[PDB]
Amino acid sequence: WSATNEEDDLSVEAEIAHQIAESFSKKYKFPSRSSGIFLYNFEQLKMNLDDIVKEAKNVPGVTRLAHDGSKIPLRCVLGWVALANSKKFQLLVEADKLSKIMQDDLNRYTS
């Protein structure tokens, strides 16, 4: 039988989990509210990996990239998951600039 949707989802999750774990402590740059930057990593989220992976799959293009075994846009994913979950991140970040950086990264990975 061809791969089922459930089987493909498991494959995608294991690929995303691998890429996120591999770079879990890597510090990425995010826009502050004063024309500066702050550093953040997946380790700051204090979320279980499953919850991180489930939210990452929502970033458009990430499921396709993971299905294909291609590199995912990790800074964009982190920004998104942190925006959805982390109060400290919310207070540090300038949302309008975050939108632009996430879009720039994501457009630049999905083509």
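Each residue number is its position in the shown sequence, starting from 1.
As the entry records it, the average C-alpha temperature factor is higher for 66-74, out of 66-74 and 82-90.
Compared with the other modelled residues of the chain, the Cα B-factor recorded for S35 ranks in the highest third.
When the CA B factors of the chain's modelled residues are split into thirds, the value for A21 lands in the lowest one. Among the modelled residues of its chain, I101 has a C-alpha B-factor that falls in the highest third, as given in the PDB entry. In the PDB entry, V59 places in the highest third of its chain by CA B-factor.
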